[PDB]
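Reviewing the structure listed below.
Bear in mind these aren't lab numbers, they're just calculated from the coordinates by the rules spelled out. For neighbour counting, all protein chains shown are included, and Cβ atoms are generated from backbone atoms with ideal geometry for every residue, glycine included.
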Amino acid sequence: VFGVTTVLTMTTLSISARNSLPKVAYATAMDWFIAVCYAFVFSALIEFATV
Amino acid sequence: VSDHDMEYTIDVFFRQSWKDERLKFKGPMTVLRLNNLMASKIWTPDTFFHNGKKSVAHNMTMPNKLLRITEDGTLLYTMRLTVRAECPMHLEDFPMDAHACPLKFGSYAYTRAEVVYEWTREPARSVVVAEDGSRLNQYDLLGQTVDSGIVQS
Amino acid sequence: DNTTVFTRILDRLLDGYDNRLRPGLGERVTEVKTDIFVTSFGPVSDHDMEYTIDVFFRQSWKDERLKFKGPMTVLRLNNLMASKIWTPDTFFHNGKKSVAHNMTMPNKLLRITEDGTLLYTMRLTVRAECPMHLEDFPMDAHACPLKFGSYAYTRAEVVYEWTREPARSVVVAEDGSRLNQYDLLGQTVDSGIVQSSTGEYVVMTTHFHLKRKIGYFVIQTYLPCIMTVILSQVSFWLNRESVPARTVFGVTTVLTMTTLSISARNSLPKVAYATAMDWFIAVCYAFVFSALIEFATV
Amino acid sequence: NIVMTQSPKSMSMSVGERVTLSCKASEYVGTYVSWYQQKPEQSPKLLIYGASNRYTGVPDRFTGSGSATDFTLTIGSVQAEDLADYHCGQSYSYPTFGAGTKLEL
Amino acid sequence: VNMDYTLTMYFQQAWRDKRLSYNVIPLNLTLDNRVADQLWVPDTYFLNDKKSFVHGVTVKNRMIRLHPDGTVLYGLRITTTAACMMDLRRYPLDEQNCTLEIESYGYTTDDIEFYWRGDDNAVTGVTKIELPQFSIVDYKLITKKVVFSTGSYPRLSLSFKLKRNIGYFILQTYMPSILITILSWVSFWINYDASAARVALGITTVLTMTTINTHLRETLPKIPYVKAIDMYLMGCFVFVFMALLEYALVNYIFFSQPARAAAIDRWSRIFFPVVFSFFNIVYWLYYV
Amino acid sequence: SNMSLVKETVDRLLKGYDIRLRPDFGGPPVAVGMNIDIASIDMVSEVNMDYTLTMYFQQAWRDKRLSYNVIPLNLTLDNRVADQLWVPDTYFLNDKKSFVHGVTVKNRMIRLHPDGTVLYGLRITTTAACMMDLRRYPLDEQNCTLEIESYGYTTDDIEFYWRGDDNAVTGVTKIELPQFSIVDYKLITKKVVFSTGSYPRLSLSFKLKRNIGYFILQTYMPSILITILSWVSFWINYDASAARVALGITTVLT
Amino acid sequence: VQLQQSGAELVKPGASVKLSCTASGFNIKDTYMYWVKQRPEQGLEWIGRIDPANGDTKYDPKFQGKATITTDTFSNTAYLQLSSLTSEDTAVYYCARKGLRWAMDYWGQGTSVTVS
Amino acid sequence: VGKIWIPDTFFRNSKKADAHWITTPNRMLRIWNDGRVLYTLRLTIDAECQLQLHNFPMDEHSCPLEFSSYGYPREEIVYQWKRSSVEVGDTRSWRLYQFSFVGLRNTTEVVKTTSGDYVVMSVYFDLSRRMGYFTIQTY
Ligand SMILES: *[C@@H]1O[C@H](CO)[C@@H](O[C@@H]2O[C@H](CO)[C@@H](O[C@@H]3O[C@H](CO[C@H]4O[C@H](CO[C@H]5O[C@H](CO)[C@@H](O)[C@H](O)[C@@H]5O[C@H]5O[C@H](CO)[C@@H](O)[C@H](O)[C@@H]5O)[C@@H](O)[C@H](O[C@H]5O[C@H](CO)[C@@H](O)[C@H](O)[C@@H]5O)[C@@H]4O)[C@@H](O)[C@H](O[C@H]4O[C@H](CO)[C@@H](O)[C@H](O)[C@@H]4O[C@H]4O[C@H](CO)[C@@H](O)[C@H](O)[C@@H]4O[C@H]4O[C@H](CO)[C@@H](O)[C@H](O)[C@@H]4O)[C@@H]3O)[C@H](O)[C@H]2NC(C)=O)[C@H](O)[C@H]1NC(C)=O
Ligand SMILES: *[C@@H]1O[C@H](CO)[C@@H](O[C@@H]2O[C@H](CO)[C@@H](OC3O[C@H](CO)[C@@H](O)[C@H](O)[C@@H]3O)[C@H](O)[C@H]2NC(C)=O)[C@H](O)[C@H]1NC(C)=O
Ligand SMILES: *[C@@H]1O[C@H](CO)[C@@H](O[C@@H]2O[C@H](CO)[C@@H](O[C@H]3O[C@H](CO)[C@@H](O)[C@H](O)[C@@H]3O)[C@H](O)[C@H]2NC(C)=O)[C@H](O)[C@H]1NC(C)=O
Ligand SMILES: *[C@@H]1O[C@H](CO)[C@@H](O[C@@H]2O[C@H](CO)[C@@H](O[C@H]3O[C@H](CO)[C@@H](O)[C@H](O)[C@@H]3O)[C@H](O)[C@H]2NC(C)=O)[C@H](O)[C@H]1NC(C)=O
Ligand SMILES: *[C@@H]1O[C@H](CO)[C@@H](O[C@@H]2O[C@H](CO)[C@@H](O)[C@H](O)[C@H]2NC(C)=O)[C@H](O)[C@H]1NC(C)=O
Ligand SMILES: *[C@@H]1O[C@H](CO)[C@@H](O)[C@H](O)[C@H]1NC(C)=O
Ligand SMILES: *[C@@H]1O[C@H](CO)[C@@H](O)[C@H](O)[C@H]1NC(C)=O
């Protein structure tokens, strides 16, 4: 429930944060930050799955 | 600065001055500080903003224009208007990015052999931003930078 | 030579006419007879505290300078003769941004009667202010006003009047109702004297009585709130040996109460007092929280 | 049909004091209530129009006070010629009058 | 939400003025549009419009044409935001009928007269309109006279019957609700031991119903009557609510006697899709 | 009679009248007195950093050319003769969009007096821009001002002053805002200096204190309630883990 | 400014009468014209209303169909025709002029109509 | 410009269109020795083109800007492109976020109207949607 609700939190954060920036067709710094944070959260959940 | 539209807004007193030898006079006053309805009866330069999107010229309560004629023939013509100009942004480093929003103006209908523009004071001191003149919430105005050139249309 | 006589009549009528001087400028008081035909009662915005209305606005008065004598007894003239005669300067005291329509031509009507009486009608959309008291929202009844009078002509110069009986002057059409959320109950006219920094003016007031319809807020908010309260009270019949079940019950219904309340705050304006829906939501939230703390105690 | 109830039907008083007459409507009449005075075997004369508006040619001792339903006519420092019938009539709709009010000294 | 529609039109009026008659040249005269301010043109207006304008690029978009017999042809290019009140009681399985009123303002019916030039083909370009959310089913031209307190006026009325498509509403609104109801049914296949699982599933299906309800409520005006989509959402919400309440009732009597546990479990498993499909059939047969 | 007399008087006033020139064009400055009757302050927007206000804005000066003595009364003329008189070119420095109401006609007033005094009123709805300091939002008190300046005429051609100097702005106590409350207002006379000259300025300032009940019941109470809710995690025993995880994570999610 | 009514007269039960009201000092096409009836030592009762400029009339429901009000703008007069009279019609009939915020400011002299 | 004859060109597929008036009407008139008049003005058009939103967001469109005379038919006014008709600028300082300009093509045609046959000229701009926003938003 930790992992999956953290994923839900990251998705709602990314959604609320994507609505701030205009609709550009490339990757900004905030996009890379959100992507790496999502990667870390997903990596935490897959690590739990392995354990 | 509207990032969603790649544009910014700017409220200015836009001043122009030239010399017209047909408007010489000799009276008790040395400068005629006339109305904003005398500037429609005489020649005024047709400046337009090359990157302006939808600008307004204020008309409240009277047309916010200013015409002064000096005895030797020089004319000072000032307008108050809100330019909504276009600022192309490269948002690759958002939200840690810096921009240089331009404001290009020149003459419509008058080529370089007819009408040329120049700054009335030193170029570093011609565009002057007021101190309390900042409606920016998301950015920080660092300074200004003027230039002059020629475009081949 | 059938229309040359009318051209001569119209030319003689305006020859020696000053449209800067009201009829009877230092001799009499100009009495204007007003009439309103509402063609549609537009939407009432609750977040702006305003409403929209579309009216045929008729004004009649008598100008002794516009007497004529010809083969016609009434001249039904264009909307460009009205700019060459004196017309009253009626404005709306509580208007925000009104429009006088000019599609495809200026929607104005001018009729001159041979005895000097003019009928001047306009078609215009008024966006007026309606100060609302939203204590009983969404079971509130309002009286949205529409006050008009003359700009710059005081009571000793221009006075207004209704053209028919005051209960039958402001007339609303039957199919003319663009109200989604309210119900137009009736109209109510009034006349008074306002006093401003330039003198005393006559003000013609109209009140439209609106009663909000509750059928939307019921299904939208009042029934989910009661359903969430009942769903929280469901937990009292579960066995205490299952703690995660009642735990997720309580906390998730509190979260749903939060979601419904956040959704719910976009309906009404940003008033600083508590409405009736606010009291209902507060009591329901209290019941949900009370249910959860009761679970904590058990 | 808006009905106007006037009160009281009669009033006996001496000379010089303040007197008050009341008028009530069934429906709404927003400041469209007139006050008329009719002496015996004469025609009614307009005293107060609107709800509080003295007619041109009336003394200043008559004053009107209005509302949406309750209206009143107060006469301060009455004289010897203010004895007559007094009618309140609405004009918001088709006009209806009150029953009247005799005023005697 | 605004209860209006916007339309661009080429609006043309033809009448005959004998003063603008000529015979020395054999051709029709198209004049610069600025002469329309020097001629009489009728004071046509739209009764149900909210904001109109004539286009003005590169000049004022209007046309004035004189014919040798006196016929004046006067065309405008208008973008009208006309107003029509919609009956959304069957939303989104509804058909909306709204019209554009064409009347003369100043001139009464004894001064002017309106008619359609052609009477069936006077309005063109309706079969080529591609609306993204509606589809024009029919259109009608009507000629009549209206009576106001100032006189009697001629009126024309162009009306387009619109029918709302359903292809968007099914995939975006009806499939989520149906899948949430099925995914709420899925807890019946969970045994009565795991209380946390069935409780969490039921309450989170209720939560999905609430979130979709908000994401649906962010789109429409505040109408007091119940729409078809409101009835369907309330039916789905009541079904999920009844499933969770049924689980509560089968969790209450579970300890006293376990026969009723499996009885109500299997009974719900068989009979909840049946009643839901019955309601679904009644709804799709009442509204379609 | 009494109408054609006034007609010839106004025609005499307007014949040989130069609208390009202010009163005493080559002489002392003309004094212009201001009055404002505020009708409503509509919407104070924090996202646009502006506030709309409707006002009856009146100016009064004296024009020695519009002086008559044939008739003894004051003249209220049609509002279209203000396009044939000289009116000062007053503007608002901080506005973004503004207009004179034009229903049923252009909502402006001209009024003459036998000595030469002209009264000139407009009904203006203007969206003035005021930058707010939201470091204490919503427990903040915002002070924003409307600048009234002369555009063409410098301080040696025109003079601005409040007509009354304390009762020049009326209608402030009857203004009701949904979110704020006018605590105080101030009138200021000033002279600003640009590179083109020195210009007179008047300034109307409205200090607005924001109400708190809306924000309390809308935002501050739910957060306090969620934090109280997040305390029921301790009352649950530390053996049952799933309950406490669900509770705490849902409070964080909320 | 002045409203001049006709003279008092008698009428037989079941006949018809036509009362007149001549205006002097104004034009009846500008204002409305009211007819009011007053019984001895009773309140005033409104009979009907005429708009002389247009020509449309309204009547009290009690007097609807019994009375007919008409006008003549040439002679500046207003007429009230009563038909199917009874004994309860013995009253004083007034002719009033609308004006100054719907007030009936100017009244006539009143004609006494008696039914024998 | 308002004292000589100016054609009544209008854009047939525009929802909103305005010229520019700051600081003075952005128009230009040039008359030559033999009577040739050249009239230029700056416009901002909000043209309409129905986008067939199948294959979205991997779609390509080519949607036009059309113009013709309003009152003068083919027998009165004929339009014709030059040898250097449509010229784009830098194409990178443009406000195309989700799309990318790829090219253009001109077209002339005759259209039947209730008032007559009109010579209509079209400029088709070809656009291709770049999946840089929809990628990180949804895919
Ligand atoms: C319903 O009613 C509506 C409102 O009344 C009405 O809308 C109005 O439409 C009319 C006609 O279309 C408009 O009037 C014209 O406007 C043209 C420009 O329009 C743009 O700008 C206006 C504001 O106009 C100001 O600025 C321009 C340019 O600087 C001036 O030309 C204007 O006179 C005016 O100037 C003053 O105000 C300025 C501040 O705004 C001051 O800075 C300045 O000092 C002045 O005081 C905007 O409002 C318009 O926006 C709206 O309209 C557009 C249309 O495209 C819409 O798209 C948009 O959505 C908005 O709704 C728009 O942006 C003027 O150019 C034009 O002036 C000329 O033409 C008229 C008509 O023929 C002549 O009478 C007049 O003499 C002018 O001609 C001279 O100059 C032209 C230049 O091209 C020459 O060609 C010509 O030969 C002539 O030359 C001579 O005189 C010169 C001096 O004037 C001199 O220098 C020369 O030497 C020579 O002697 C005209 O005014 C009006 O603006 C609209 N009003 C509004 C508020 O929208 C609508 O049409 C009605 N609808 C129906 C169906 O009835
Ligand atoms: C900006 O403000 C100025 C001044 O407040 C506005 O100018 C006025 O414009 C009117 C319309 O063009 C003009 O009115 C008329 O009267 C003359 C004859 O005197 C006619 O020839 C015209 O056709 C028109 O009927 C006013 O005279 C004029 N007033 C002044 C003092 O210049 C201007 O319209 C405003 N611009 C906008 C865009 O609203
Ligand atoms: C959309 O709604 C319109 C208004 O409700 C409706 O118009 C109605 O249309 C009918 C015929 O289609 C008209 O007429 C009939 O009445 C005339 C009166 O003279 C008779 O002669 C005819 O025989 C027939 O009975 C109505 O007058 C008209 N109503 C109004 C108010 O104009 C449209 O038909 C509806 N549908 C569409 C597709 O537009
Ligand atoms: C809102 O903000 C206003 C601007 O920041 C502020 O106005 C300032 O108000 C003071 C007091 O009226 C003025 O003046 C003092 O300084 C002058 C200088 O000559 C003296 O003559 C006075 O006697 C006094 O010492 C400031 O000049 C003025 N500042 C500006 C820029 O106009 C308001 O006070 C603020 N508050 C309210 C409630 O409006
Ligand atoms: C744009 O229009 C011009 C004129 O119609 C086209 O130019 C023609 O190009 C062809 C070759 O394809 C030449 O043979 C013609 O002589 C040209 N005509 C003139 C007068 O220029 C041009 O090709 C068009 N460009 C497009 C289609 O984008
Ligand atoms: C003028 O128009 C009419 C109808 O539009 C048409 O019949 C006629 O042929 C036209 N005249 C010429 C010379 O083409
Ligand atoms: C004209 O106005 C002044 C001040 O507003 C006032 O004192 C004067 O009495 C007025 N003139 C007349 C004739 O009423």
Item to complete: May I ask you to give the average projected area over all directions of the convex hull of the Cα atoms of segment C:168-275, in nm² rounded to one decimal?
Response: 11.8
Discussion item. Between segment E:201-244 and segment C:226-298, how far is it from one alpha carbon centroid to the other, in angstrom?
Written reply: 17
Discussion item. Just to be sure I understand the model, the point goes 7 Å from the Cα along the line to the Cβ. What's the resulting D:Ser12 to G:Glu45 distance in nm?
Written reply: 3.0
Response to the item:
Rh (Kirkwood, all Cα-Cα pairs) for segment H:76-116, Å, reads 13.9
Worksheet item: How far is helix F:3-14 tilted, in degrees, relative to the longest principal axis of the Cα atoms in chain F, given as a value from 0 to 90 rounded to the nearest 10?
Response: 80
Item to complete: Please compute the net charge surrounding D:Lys102, taking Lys and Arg as +1 and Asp and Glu as -1 over other residues with Cβ under 10 Å from its Cβ.
Response: -2
Worksheet, complete the sentence: Spelling it out for F:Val32: with amide H atoms placed in the peptide plane at 1.01 Å from N, the residues 5 or more places away or on another chain with amide H under 5 Å from its amide H are F:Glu159, F:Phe160, F:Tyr161
Worksheet item: Picking from C:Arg22, C:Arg58, C:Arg76, which is most flexible by a Gaussian network model of chain C using Cα springs under 10 Å?
Response: C:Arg76
Response to the item:
As a Kirkwood estimate from alpha-carbon pairs, segment H:1-130 has a hydrodynamic radius in angstrom of 17.1
Worksheet, complete the sentence: To the nearest 0.05, the calculated FRET efficiency linking C:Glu294 and A:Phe2 through their beta-carbon distance, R0 being 35 Å, is 0.80
Practice prompt. Grab the DSSP H runs of the protein assembly as shown that are 4 residues or longer, score each as -39,500 (n - 2.57), total them, divide by all residues and round the 222 nm result to the nearest 500 deg cm²/dmol.
Written response: -5500 deg cm²/dmol
Worksheet item: Could you give the radius of gyration (one decimal) and Dmax (whole number) of the Cα atoms in chain B, in Å?
Response: 18.0, 62
Worksheet entry | Relative pair counts by distance (%), Cα atoms of chain F, 10 Å bins | 6, 23, 24, 17, 10, 7, 5, 4, 2, 1, 0
Worksheet item: Cα atoms only, chain C: Rg and Dmax in Å?
Response: 29.1, 106
Worksheet entry | Computed E for C:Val218/F:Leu5 - FRET, C-beta separation, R0 51 angstrom, nearest 0.05 | 0.15
Worksheet item: What ³J(HN,Hα) values, in whole Hz, does the Karplus curve 6.51 cos²θ - 1.76 cosθ + 1.60 give for segment B:97-107 when θ = phi - 60°, with x put for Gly and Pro?
Response: 10, 10, 9, 9, 7, x, 8, 9, 9, x, 9
Worksheet item: DSSP loop GluC sites (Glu not before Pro) in segment C:159-213 with at most 16 other Cβ atoms within 10 Å of their Cβ, which ones?
Response: C:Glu174
Item to complete: May I ask for the distance between the Cα centers of segment E:260-288 and segment H:62-139, given as a whole number of Å?
Response: 56
Worksheet item: Computed on alpha carbon atoms, what radius of gyration and Dmax characterise chain A, expressed in Å?
Response: 12.5, 41
Worksheet item: How big is the convex hull of the Cα atoms of chain D, per residue, in Å³?
Response: 90
Practice prompt. Evaluate the relative contact order of segment C:214-298 (contact order divided by residue number), counting alpha-carbon pairs under 8 angstrom at least 6 apart; express in whole percent.
Written response: 47
Worksheet entry | Relative counts (whole %) of C-alpha pair distances in segment F:1-132, using bins that are 5 Å wide | 2, 9, 17, 19, 16, 13, 10, 6, 4, 2, 1, 0, 0
Practice prompt. Sticking with the crude label model, points 7 Å out along Cα→Cβ, report the distance from B:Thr30 to F:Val193 in nm, one decimal please.
Written response: 2.0
Worksheet item: If you check each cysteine of chain E for another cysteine whose beta-carbon is under 4.7 Å away, which ones come up empty?
Response: E:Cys236
Discussion item. Take chain D, mark every one of the trypsin sites (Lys or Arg not before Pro) that falls in a DSSP loop and has at most 13 other Cβ within 10 Å, then report the longest stretch left between them, sites excluded.
Written reply: D:19-105
Worksheet item: From the phi of every residue in segment F:21-27, what ³J(HN,Hα) in whole Hz does the Karplus formula 6.51 cos²θ - 1.76 cosθ + 1.60 yield, where θ is phi - 60° and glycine or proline is x?
Response: 10, 6, x, 6, 5, x, x
Practice prompt. List the residues of segment H:23-42 whose backbone N lies under 17 Å from a point placed 7 Å from the Cα of H:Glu87 along the Cα-to-Cβ direction.
Written response: H:28-30, H:38-42
Response to the item:
E:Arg16 and H:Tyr97 label points (each 7 Å along its Cα→Cβ direction) are spaced in nm at 5.8
Fill in: Entries in B:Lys41/H:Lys3; E:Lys128/H:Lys112; D:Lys24/D:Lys45; B:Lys53/F:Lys106; F:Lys106/F:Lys209; C:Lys33/G:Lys98 that, when Cα-Cα distance is taken, lie over 23 Å
B:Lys53/F:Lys106; F:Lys106/F:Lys209
Discussion item. Could you work out the relative contact order of segment F:124-228? I mean the mean sequence separation of Cα pairs under 8 Å and 6+ apart, divided by the number of residues, in percent.
Written reply: 34
Worksheet item: What share of Cα pairs, in percent, lie more than 25 angstrom apart in chain G?
Response: 16
Fill in: segment G:1-108: chymotrypsin sites (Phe, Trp or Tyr not before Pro) in DSSP loop, at most 16 other beta carbons within 10 Å
G:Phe26, G:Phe74
Worksheet item: Excluding C:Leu109 itself, what net charge comes from residues whose Cβ is under 11 Å from its Cβ, given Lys and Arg +1 and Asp and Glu -1?
Response: +4
Worksheet entry | Kirkwood hydrodynamic radius of the protein assembly as shown, Cα pairs, Å | 38.0
Worksheet item: Taking each full run of DSSP H in chain E as one helix, which ones are at least 20 Å long along their axis (Cα atoms) and have mean Kyte-Doolittle hydropathy of at least -1.0?
Response: E:195-217, E:228-252, E:258-287
Discussion item. Between B:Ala124 and E:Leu39, what's the calculated FRET efficiency when r is the beta-carbon distance and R0 is 51 Å? Round to 0.05.
Written reply: 0.30
Response to the item:
One finds the C-alpha centres of segment H:22-49 and segment E:52-131 to be spaced, in Å, by 31
Worksheet entry | Cleavage-rule hits (GluC sites (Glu not before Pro)) in segment B:72-153: DSSP loop, at most 15 neighbouring Cβ within 10 angstrom | B:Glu92, B:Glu114, B:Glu118, B:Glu131
Worksheet item: For segment E:1-165, what mean projected area does the convex hull of the alpha carbons give, in nm²?
Response: 12.0
Item to complete: Using amide H atoms built 1.01 Å from N in the peptide plane, name the residues 5+ places from D:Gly100, or on other chains, whose amide H lies under 5 Å from its own.
Response: D:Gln6, D:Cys88
Practice prompt. Mark the label point 7 Å from the Cα of A:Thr12 along Cα→Cβ and return the residues of segment C:224-268 whose backbone N is within less than 18 Å of it.
Written response: C:248-266
Worksheet item: Please state the relative contact order of chain B as a whole percent: Cα pairs under 8 Å, 6+ residues apart?
Response: 28
Item to complete: May I ask for the net charge around E:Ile229, where only other residues with Cβ less than 12 Å from the Cβ of E:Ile229 are counted and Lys, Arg are +1 while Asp, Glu are -1?
Response: +3
Worksheet entry | More than 20 angstrom apart: percent of Cα pairs within segment E:166-288 | 47
